[PDB]
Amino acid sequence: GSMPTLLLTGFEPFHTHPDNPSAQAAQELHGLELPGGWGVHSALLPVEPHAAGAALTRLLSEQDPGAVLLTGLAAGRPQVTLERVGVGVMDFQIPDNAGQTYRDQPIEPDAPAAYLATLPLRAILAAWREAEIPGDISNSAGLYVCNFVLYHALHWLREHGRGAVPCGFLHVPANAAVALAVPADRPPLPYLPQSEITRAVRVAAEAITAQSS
């Protein structure tokens, strides 16, 4: 679509969480103009793998993005993290938003066990540090719906001759709304104000598109 597009996704609330900070960040950053003619196109995905995969395939096909930043909540993690690897297995510790679970389930017959993310991981960490944002690389995204869409996107891009499109996953901590809903019988969550989370996603987006030059 003429100018380069960064596809930015977040997820809906799920489980006992009343809010999803990845949804809030995607909503706030939609349409952001970045240097070099780049623009952010945001979308929200459902927390259910069949529908999330179908929606993500449509976005990848219709938007033909120059880079892909998938985001989601990791309640309990203290700092933003970049996923190194998407694994081709579905194994759900809690049900998805259709009440569904999967046990040791391969995502795709006759496909790789995993895909490495193709984002410029160290450049993003450096941009975060320069912006005074603590963060790190994670080497497991879980085997729930965030991992599923990471594997799904990397596989689709490779199969469509677009393996050079940088693509990865950014997990964010709880925001205040998520932390406030935790029951009194449970341990408190690390959290970040939503404005810090959104800024972290923005800084990652800016670093990704700066590198594609």
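The first residue of the shown sequence is 1; numbering continues from there.
Next on the checklist: If you take the mean CA temperature factor per stretch, which one wins between 95 to 103 and 128 to 136?
Outcome noted: For C-alpha atoms only, the mean B-factor is higher in 95 to 103.
Checklist entry - Which has the higher mean CA temperature factor in the PDB entry, 29 to 37 or 55 to 63? => result The deposited B-factors put 29 to 37 ahead on the C-alpha mean.
Next on the checklist: Among 166, 49, 183, 173, where is the Cα B factor highest in this entry?
Outcome noted: It is 183.
Checklist entry - Quick one: which of 193, 190, 21, 18 has the biggest Cα B-factor according to the entry? => result Comparing C-alpha B-factors across 193, 190, 21, 18, the maximum falls on 18.
Checklist entry - Can you tell me which third, lowest, middle or highest, the CA B-factor of residue 210 falls into for its chain? => result Its C-alpha B-factor belongs to the highest third of this chain's values.
Checklist entry - When the modelled residues of the chain are sorted by Cα temperature factor, does residue 6 land in the lowest, middle or highest third? => result Answer is middle: the recorded C-alpha B-factor places it there.
Next on the checklist: Taking only the Cα B-factors deposited for this chain, tell me whether residue 111 sits in the lowest, middle or highest third.
Outcome noted: Top third by C-alpha B-factor.
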